[PDB]
Amino acid sequence: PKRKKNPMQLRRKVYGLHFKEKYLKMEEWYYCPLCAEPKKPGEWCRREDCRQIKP
Amino acid sequence: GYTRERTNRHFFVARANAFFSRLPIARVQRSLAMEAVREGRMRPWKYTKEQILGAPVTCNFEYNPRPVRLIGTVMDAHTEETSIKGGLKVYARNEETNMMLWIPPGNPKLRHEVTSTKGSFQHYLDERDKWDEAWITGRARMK
Amino acid sequence: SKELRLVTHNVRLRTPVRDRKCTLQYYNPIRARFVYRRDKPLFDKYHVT
Amino acid sequence: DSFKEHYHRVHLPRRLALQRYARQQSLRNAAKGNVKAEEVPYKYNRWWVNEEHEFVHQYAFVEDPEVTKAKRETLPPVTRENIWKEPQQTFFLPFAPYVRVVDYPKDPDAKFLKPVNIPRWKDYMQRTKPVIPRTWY
Amino acid sequence: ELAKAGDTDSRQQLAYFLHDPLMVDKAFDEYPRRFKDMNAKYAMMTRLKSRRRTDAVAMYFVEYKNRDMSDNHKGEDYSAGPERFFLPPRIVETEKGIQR
Amino acid sequence: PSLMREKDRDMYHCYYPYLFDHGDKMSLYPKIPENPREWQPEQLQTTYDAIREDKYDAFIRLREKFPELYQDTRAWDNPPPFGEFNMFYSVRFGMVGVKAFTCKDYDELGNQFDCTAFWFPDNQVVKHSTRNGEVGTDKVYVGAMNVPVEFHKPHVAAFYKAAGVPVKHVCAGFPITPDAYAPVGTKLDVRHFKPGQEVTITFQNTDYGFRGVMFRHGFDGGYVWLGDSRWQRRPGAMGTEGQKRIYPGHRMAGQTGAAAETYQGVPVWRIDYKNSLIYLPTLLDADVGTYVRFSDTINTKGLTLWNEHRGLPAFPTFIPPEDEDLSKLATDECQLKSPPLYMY
RNA sequence: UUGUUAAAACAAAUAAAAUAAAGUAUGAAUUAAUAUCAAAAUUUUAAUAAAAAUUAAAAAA
RNA sequence: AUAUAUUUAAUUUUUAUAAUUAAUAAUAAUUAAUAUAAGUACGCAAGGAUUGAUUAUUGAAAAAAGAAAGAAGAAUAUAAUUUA
Ligand SMILES: [Mg+2]
Ligand SMILES: [Zn+2]
């Protein structure tokens, strides 16, 4: 009973929210005021400065 | 056809565990215990588990016409101080009849008094062995 | 008719960059949980209330 | 979209428009400088006797916009001390308790000596609703 | 907490639970002076932005707070590892004179 | 109730003197047609009927002469004005509480009740709302658990700003009758409820996540079957229907808990109006901190809750006297216990 | 729970608690006539008819 | 004793706020026995009434608007129990 699926049935998955939020989504980032690197808020660096104070 | 089991309603999903701090809940528990004490449904007690464990107790259950009296040995005390929780584990034997009761304090139709805060762990062990032997004999006769 | 729409196309030649605007200062549900969260073991010399 | 669903989806704005048109007649009065609330005729025919010869009472209640505004603005008076102190009764006492004992008859087993003011078992069982004249409990 | 207690039963329990009795002794020697002036939350966890490659799992750096006030470790740099993993850790130039 | 056809509303079935409208003044006779041609050939236009006149006159005389004997017949005129509490029309808004804890109490007969204590931190009438101004379509929103401004979301802090009421954590709406209003910002004291009162509560039970079909329905989940197909009771012919699809409502595994659960008609046990606590002898399923909503039970066993035999409510809402100070008043003094009741 | 022995032990078997068995990367094979495939009910035509007709309206992941 | 389609059970993550509209009569045919109803009509006697309330299951029924890559815990049930 299984059969080959037309290209339209292969593109139905991208209409759901599960596909959009998993693969194609951007990040909210800024520059680490102590490392000058892109950093997400919540995750810090190994350096002594970034551990004592959270940049 | 279709129904929904979960509700993301704000009024239902919001919680107050952060604001529970402004409620003196332990003070409310102590106030309820003190009200029970002043009414006479219970009497304050301050003993430890090993001290009370193994002390004889007499409990009278008020009942018209004749209140039923029962003398047993305290097997376990659930609380060391007085509270609305309470809990005592007594073991009493009649003529060829053993029984293990869990007396809660504060019942007006139930007056239980331990004859002495001091207890004898030897008598406690004797009562425990008697109860375990009776229970094992009952189970063996059943199965 | 639709023959006019068929013969005449409409296009966006070069849309501006899709770079997201600064959204750190807006409301964010994932960062909302950390506003009242105890973070004592997160700092050593610079504890702030 | 079912038949009833489509019918209601297309008629509900029309129902609201009809209600707006109805209230436009009321607003006609306040427009002329004479603001007058709607008047309803009080019906005195609401106590009936049915086919089976028992009492029926219709309930008609009206709403006063001025009283609504007054309750919105002014705070209610102080609650009564006895009202908030005396607790509400748990069990509903029967309409006619059967005492089964009266001290007036010399011989209590004498069925003819019991006073008439004591209700009977038939009333004790059947009287579960108020009497014909009195409507409320 | 066990080190602040400093009881013989507490030391026996820690020696039971730990692999190295030498580390047991090191802890019981250094931690009282280190955390005399603290109540709770002695350790400190910092979530690193870099994740492990094989599992894409987040990493956390857990270290004791009072490093430079009183401890055998003092004035050491943890921003980068030493030249070799068997060499002593980096030391800040400010406190190079201290000895272990 | 007793069936009463509208066609049985003639004057021969009315218990009181039937009064015809007759324009502005009520009359005892049908409106005679102003146009004489409209008179039907057999319609007997009555202007004066001695029977009805004598009956109505004697009725009015007796009503005006013996008020004590005919007190119950006074409801035929001068009805109760609008605004006063009514036994069958006046419903009041409830409150929003927080499930505080659980304990156990005992009544004087000896029955043990495992009770739960709810806490009502700050009940304040926040809003009024009616949709397009229809009948019975008005409700009162009550807010609870005052919070700072940095707590709520911006779009809800904006509403609290627009309302002017102090910003509350939660807000629940109760549908009421217009004569039970309370001005915006009214503090609701817990004594709004009575100890011998039946209450309906609504909350959210705890969440268990995805659970098996056995754990969801207990023993019921193992056997689920329903056949609406026709089957031959007697071997006379052959005919039946095949149950092609699965009927909706089939009991399977899925989300368990985390739903809006409502208990109907639980009696209050005790009330503490110093710490704003209410005790209910029913163990709930929700967690600690779930914002429950309490409302008044309409009626039980065909009997209204608020009546003269049981008691009168604090309509519209309980307001404490001026000289009362809950700070000076002790905790043990603020205890109201319900009358005893046995359930076995 | 059952069965065996003796005046508690052994063997079976399931239904509650507990333990594990990834949300990471690597990645086949059965199958494949097909319209972005016809949610359902009624009636009917040469055997399940998913073939036809009549009501009805069946969202997406 | 093979991973399929229709159909079902759920979910799409704080939405301040239920449902005047799909559940087209009813969650029991608006019940309903029961001590007390009654050592009582009816029956020579023996025996034996209609009956509806408190004891019970009787509220019958669907909570669809806000900025989303940590554990929705900074985790030993405290929104930081003092903290260098
Ligand atoms: Mg959301
Ligand atoms: Zn950095």
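Residues numbered from 1 in each chain as written, not as in the entry; some residues may be left out. Chains lettered and ligands numbered in written order. Part of a larger assembly, values for the part shown. Heavy atoms only, no water.

- cryo-EM is the method the PDB entry lists for this structure, together with a resolution of 3.9 Å.

**Description of the sheet that holds strand β5 (residues 110-114) of chain B**
All names here are of chain B.
So, step 1. The strand order across the open sheet formed by five strands is β4-β3-β2-β1-β5, and the pairing between neighbours is antiparallel. Only two strands of the sheet have a single neighbouring strand rather than two, namely β4 (97-103) and β5. Looking at each pair of strands side by side, their axes are set apart by 30° on average, direction ignored.
So, step 2. Taken together, the six bridges between strand β1 (residues 56-61) and strand β2 (residues 68-77) define a ladder with antiparallel strand orientation. If you follow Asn60 over to β2, its bridge partner there is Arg69.
So, step 3. Here helix α4 (residues 121-142) sits on the sheet and contacts β2, β3 (88-94) and β4; the angle it forms with β2, its principal contact strand, is near 105°. (Pairing = 2+ DSSP bridges. Helix = DSSP H or I, 4+ residues; strand = E, 2+ residues; numbered from the N terminus. Axes fitted to C-alpha atoms, helices over the stretch in contact; angles between N-to-C directions. Contact = heavy atoms within 4.5 Å.)

**Regarding the coordination of the zinc ion (ligand 2)**
Residue and element names in this part refer to chain A.
So, step 1. Ligation of the zinc ion (ligand 2) by protein atoms is provided by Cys32 (SG), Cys35 (SG), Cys45 (SG) and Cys50 (SG), these donors lying 2.2 to 2.4 Å from the ion.
So, step 2. The coordination sphere of the zinc ion (ligand 2) comprises four donor atoms, whose angles at the metal cover 107 to 112°; the geometry is tetrahedral.
So, step 3. Within one chain, the residues donating to the zinc ion (ligand 2) are spaced in sequence as C-x2-C-x9-C-x4-C. Placement of the pair is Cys32 in the loop between β1 (30-31) and β2 (38-39) and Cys45 in the loop between β2 and α3 (48-52), with a sequence separation of 13 residues.
So, step 4. The exposure class of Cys32 is buried, given its relative accessible area of 2%. (Donors = N, O, S within 2.8 Å, 3.2 Å for Na, K, Ca; no water. Tetrahedral: all angles 85-135°; square planar, octahedral: opposite > 155°, others 65-115°. Buried < 20%, exposed > 50% of the residue type's maximum accessible area, 1.4 Å probe, protein only.)

**Description of the interface of chain F and chain B**
So, step 1. Chain F puts 49 residues into the contact, and the matching count from chain B is 33 residues.
So, step 2. In this assembly, chain F packs against chain B so that about 3300 Å² is buried in total across both faces, 61% of it on carbon and sulfur atoms.
So, step 3. A per-residue breakdown of the area chain F buries against chain B is headed by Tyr106, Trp119 and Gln204 of chain F, which together make up 18% of the total.
So, step 4. At the boundary of chain F and chain B, one finds four salt bridges.
So, step 5. Notably, a salt bridge pairs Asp207 of chain F with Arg6 of chain B, separated by 2.4 Å at the nearest N-O pair.
So, step 6. Between chain F and chain B we count twelve residue pairs in polar contact in total.
So, step 7. Put simply, the parts of the chain that give the side of chain F that touches chain B at least two residues each are β1 (95-106), β4 (138-146), β5 (168-175), β6 (198-204), β8 (254-257), β11 (277-280) and β12 (291-296) of chain F.
So, step 8. Tallying contributions element by element places β1 of chain F first for the side of chain F that touches chain B, with ten residues.
So, step 9. Classifying every residue of the side of chain F that touches chain B by side-chain character gives 24 nonpolar, 14 polar and eleven charged. (Buried area = accessible area lost by both parts, 1.4 Å probe. Salt bridge = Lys/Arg side-chain N within 4 Å of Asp/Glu carboxyl O. Polar contact = N/O pair within 3.5 Å; in protein donor to acceptor, adjacent residues only side chain to side chain. Nonpolar A, V, L, I, M, F, W, Y, C, P; charged D, E, K, R; others polar.)

**Topic: the protein's contact with RNA strand G**
So, step 1. Lining the immediate surroundings of RNA strand G are 20 residues, of which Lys2 and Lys4 of chain A, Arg141 of chain B together with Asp1 and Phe3 of chain D lie closest.
So, step 2. Among the atoms of RNA strand G lying within 4 Å of the protein, the sugar-phosphate backbone contributes 75%.
So, step 3. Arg141 of chain B is positioned with one of its side-chain polar atoms (N or O) 2.5 Å from a base nitrogen of RNA strand G.
So, step 4. Residue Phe3 of chain D places a main-chain N or O atom 2.6 Å away from a phosphate oxygen belonging to RNA strand G.
So, step 5. Looking at the surface near RNA strand G, the elements that each hand over two or more residues are α1 (7-10) of chain A together with α4 of chain B.
So, step 6. Taken together, the residues of the surface near RNA strand G break down into five nonpolar, five polar and ten charged. (Near = heavy atom within 4 Å.)

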